[PDB]
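Q: Please see the structure below; I have some questions.
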Amino acid sequence: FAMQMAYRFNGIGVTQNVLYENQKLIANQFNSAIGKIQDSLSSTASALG
Amino acid sequence: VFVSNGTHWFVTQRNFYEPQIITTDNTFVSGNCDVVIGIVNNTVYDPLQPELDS
């Protein structure tokens, strides 16, 4: 999956070394952002509007 | 992508297995070996080496 996300970075025109050299940062941002989805959907019923 | 046939390391185009010997022409450098989760040790060939060794 760290090599798939390095293809996803290459696709947007960000050179793939930007992923592997920041991989813990990118993983912790994805994990934190997935955390915000649960709080959004739990707190606010109009998200499903 | 980098791949191994079990003994040697190659770079291939992604969508068709065509193994190219790893060189400074099909690879680019960044930083050093510390920062990457899953990096492997191998030689990378310099196409200018036999031209300089002559």
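Lettering and numbering for the structure tokens are positional, with chains as A, B, ... in the shown order, residues counted from 1 in each chain, and ligands counted from 1 in the shown order.
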Chain A residues within 12 Å of chain B, counting only C-alpha atoms: which ones, as a PDB file with N, CA, C and O atoms, in the first residue's frame?
A:
ATOM      1  N   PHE A   1       0.795  -1.228   0.000  1.00  0.00           N
ATOM      2  CA  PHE A   1       0.000   0.000   0.000  1.00  0.00           C
ATOM      3  C   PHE A   1       0.836   1.291   0.000  1.00  0.00           C
ATOM      4  O   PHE A   1       0.508   2.251  -0.690  1.00  0.00           O
ATOM      5  N   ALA A   2       1.990   1.313   0.667  1.00  0.00           N
ATOM      6  CA  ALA A   2       2.914   2.438   0.555  1.00  0.00           C
ATOM      7  C   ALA A   2       3.449   2.632  -0.871  1.00  0.00           C
ATOM      8  O   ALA A   2       3.894   3.720  -1.214  1.00  0.00           O
ATOM      9  N   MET A   3       3.429   1.602  -1.718  1.00  0.00           N
ATOM     10  CA  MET A   3       3.829   1.681  -3.122  1.00  0.00           C
ATOM     11  C   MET A   3       2.676   2.033  -4.037  1.00  0.00           C
ATOM     12  O   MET A   3       2.890   2.737  -5.014  1.00  0.00           O
ATOM     13  N   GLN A   4       1.457   1.638  -3.704  1.00  0.00           N
ATOM     14  CA  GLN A   4       0.277   2.157  -4.372  1.00  0.00           C
ATOM     15  C   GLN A   4       0.134   3.645  -4.138  1.00  0.00           C
ATOM     16  O   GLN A   4      -0.051   4.388  -5.087  1.00  0.00           O
ATOM     17  N   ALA A   6       2.425   5.765  -3.535  1.00  0.00           N
ATOM     18  CA  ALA A   6       3.467   6.380  -4.335  1.00  0.00           C
ATOM     19  C   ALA A   6       3.129   6.438  -5.830  1.00  0.00           C
ATOM     20  O   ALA A   6       3.603   7.346  -6.505  1.00  0.00           O
ATOM     21  N   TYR A   7       2.288   5.544  -6.363  1.00  0.00           N
ATOM     22  CA  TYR A   7       1.668   5.721  -7.681  1.00  0.00           C
ATOM     23  C   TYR A   7       0.629   6.835  -7.641  1.00  0.00           C
ATOM     24  O   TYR A   7       0.633   7.673  -8.534  1.00  0.00           O
ATOM     25  N   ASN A  10       2.593  10.040  -7.762  1.00  0.00           N
ATOM     26  CA  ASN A  10       3.098  10.214  -9.127  1.00  0.00           C
ATOM     27  C   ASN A  10       1.989  10.679 -10.084  1.00  0.00           C
ATOM     28  O   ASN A  10       2.250  11.501 -10.958  1.00  0.00           O
ATOM     29  N   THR A  15       6.311  14.139  -6.979  1.00  0.00           N
ATOM     30  CA  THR A  15       7.330  13.105  -7.193  1.00  0.00           C
ATOM     31  C   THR A  15       7.272  12.099  -6.052  1.00  0.00           C
ATOM     32  O   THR A  15       7.206  12.496  -4.895  1.00  0.00           O
ATOM     33  N   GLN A  16       7.299  10.801  -6.340  1.00  0.00           N
ATOM     34  CA  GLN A  16       7.003   9.753  -5.355  1.00  0.00           C
ATOM     35  C   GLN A  16       7.912   9.716  -4.116  1.00  0.00           C
ATOM     36  O   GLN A  16       7.502   9.195  -3.086  1.00  0.00           O
ATOM     37  N   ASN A  17       9.117  10.291  -4.148  1.00  0.00           N
ATOM     38  CA  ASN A  17       9.959  10.403  -2.958  1.00  0.00           C
ATOM     39  C   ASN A  17       9.299  11.251  -1.866  1.00  0.00           C
ATOM     40  O   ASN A  17       9.562  11.014  -0.693  1.00  0.00           O
ATOM     41  N   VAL A  18       8.403  12.176  -2.220  1.00  0.00           N
ATOM     42  CA  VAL A  18       7.589  12.953  -1.273  1.00  0.00           C
ATOM     43  C   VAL A  18       6.715  12.057  -0.408  1.00  0.00           C
ATOM     44  O   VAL A  18       6.461  12.437   0.728  1.00  0.00           O
ATOM     45  N   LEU A  19       6.286  10.874  -0.869  1.00  0.00           N
ATOM     46  CA  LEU A  19       5.532   9.956  -0.017  1.00  0.00           C
ATOM     47  C   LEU A  19       6.439   9.161   0.912  1.00  0.00           C
ATOM     48  O   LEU A  19       6.273   9.226   2.118  1.00  0.00           O
ATOM     49  N   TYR A  20       7.418   8.435   0.387  1.00  0.00           N
ATOM     50  CA  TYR A  20       8.255   7.564   1.209  1.00  0.00           C
ATOM     51  C   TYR A  20       9.042   8.307   2.287  1.00  0.00           C
ATOM     52  O   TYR A  20       9.239   7.778   3.377  1.00  0.00           O
ATOM     53  N   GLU A  21       9.483   9.532   2.010  1.00  0.00           N
ATOM     54  CA  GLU A  21      10.195  10.372   2.972  1.00  0.00           C
ATOM     55  C   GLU A  21       9.279  11.063   3.991  1.00  0.00           C
ATOM     56  O   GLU A  21       9.772  11.579   4.992  1.00  0.00           O
ATOM     57  N   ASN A  22       7.962  11.056   3.773  1.00  0.00           N
ATOM     58  CA  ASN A  22       6.946  11.586   4.686  1.00  0.00           C
ATOM     59  C   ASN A  22       5.896  10.523   5.040  1.00  0.00           C
ATOM     60  O   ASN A  22       4.759  10.865   5.346  1.00  0.00           O
ATOM     61  N   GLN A  23       6.227   9.232   4.985  1.00  0.00           N
ATOM     62  CA  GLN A  23       5.210   8.183   5.019  1.00  0.00           C
ATOM     63  C   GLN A  23       4.469   8.115   6.354  1.00  0.00           C
ATOM     64  O   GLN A  23       3.255   7.946   6.344  1.00  0.00           O
ATOM     65  N   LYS A  24       5.154   8.297   7.494  1.00  0.00           N
ATOM     66  CA  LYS A  24       4.486   8.338   8.808  1.00  0.00           C
ATOM     67  C   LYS A  24       3.572   9.550   8.945  1.00  0.00           C
ATOM     68  O   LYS A  24       2.462   9.419   9.442  1.00  0.00           O
ATOM     69  N   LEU A  25       3.998  10.712   8.459  1.00  0.00           N
ATOM     70  CA  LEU A  25       3.176  11.919   8.416  1.00  0.00           C
ATOM     71  C   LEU A  25       1.921  11.714   7.560  1.00  0.00           C
ATOM     72  O   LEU A  25       0.828  12.045   7.993  1.00  0.00           O
ATOM     73  N   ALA A  27       0.503   8.786   6.637  1.00  0.00           N
ATOM     74  CA  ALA A  27      -0.294   7.781   7.322  1.00  0.00           C
ATOM     75  C   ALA A  27      -1.048   8.374   8.517  1.00  0.00           C
ATOM     76  O   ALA A  27      -2.255   8.193   8.622  1.00  0.00           O
TER      77      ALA A  27
END
Q: Residues near residue 23 (chain B), anyone? I mean within 6 Å using only C-alpha atoms, not counting same-chain ones fewer than 3 positions away, as a list in words.
A: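 The filter keeps residues 26, 44, 45 and 46 of chain B.
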Q: Using DSSP on the backbone coordinates, identify the residues of chain B assigned to alpha helix (DSSP H); present them as JSON, numbers by chain.
A: {"B": [49, 50, 51, 52, 53]}
Q: Would you output that residue set with N, CA, C and O atoms, as an mmCIF file, in the first residue's frame?
A:
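That gives us part_19.cif:
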data_model
loop_
_atom_site.group_PDB
_atom_site.id
_atom_site.type_symbol
_atom_site.label_atom_id
_atom_site.label_comp_id
_atom_site.auth_asym_id
_atom_site.auth_seq_id
_atom_site.Cartn_x
_atom_site.Cartn_y
_atom_site.Cartn_z
ATOM 1 N N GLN B 49 30.568 4.504 -16.043
ATOM 2 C CA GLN B 49 31.704 3.828 -15.400
ATOM 3 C C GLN B 49 32.694 3.181 -16.386
ATOM 4 O O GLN B 49 33.871 3.534 -16.320
ATOM 5 N N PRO B 50 32.297 2.320 -17.343
ATOM 6 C CA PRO B 50 33.253 1.740 -18.294
ATOM 7 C C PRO B 50 33.877 2.787 -19.233
ATOM 8 O O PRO B 50 35.018 2.640 -19.675
ATOM 9 N N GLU B 51 33.171 3.889 -19.490
ATOM 10 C CA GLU B 51 33.669 5.029 -20.267
ATOM 11 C C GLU B 51 34.783 5.787 -19.517
ATOM 12 O O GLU B 51 35.697 6.338 -20.133
ATOM 13 N N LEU B 52 34.702 5.826 -18.182
ATOM 14 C CA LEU B 52 35.679 6.450 -17.286
ATOM 15 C C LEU B 52 36.834 5.503 -16.925
ATOM 16 O O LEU B 52 37.959 5.957 -16.725
ATOM 17 N N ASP B 53 36.568 4.200 -16.861
ATOM 18 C CA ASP B 53 37.543 3.146 -16.564
ATOM 19 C C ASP B 53 38.542 2.901 -17.716
ATOM 20 O O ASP B 53 39.679 2.484 -17.490
#
Q: Please report, as a list in words, each residue of chain B to which DSSP assigns strand (DSSP E or B) when run on this structure's backbone.
A: residues 2, 3, 4, 9, 10, 11, 12, 19, 20, 21, 23 and 45 of chain B
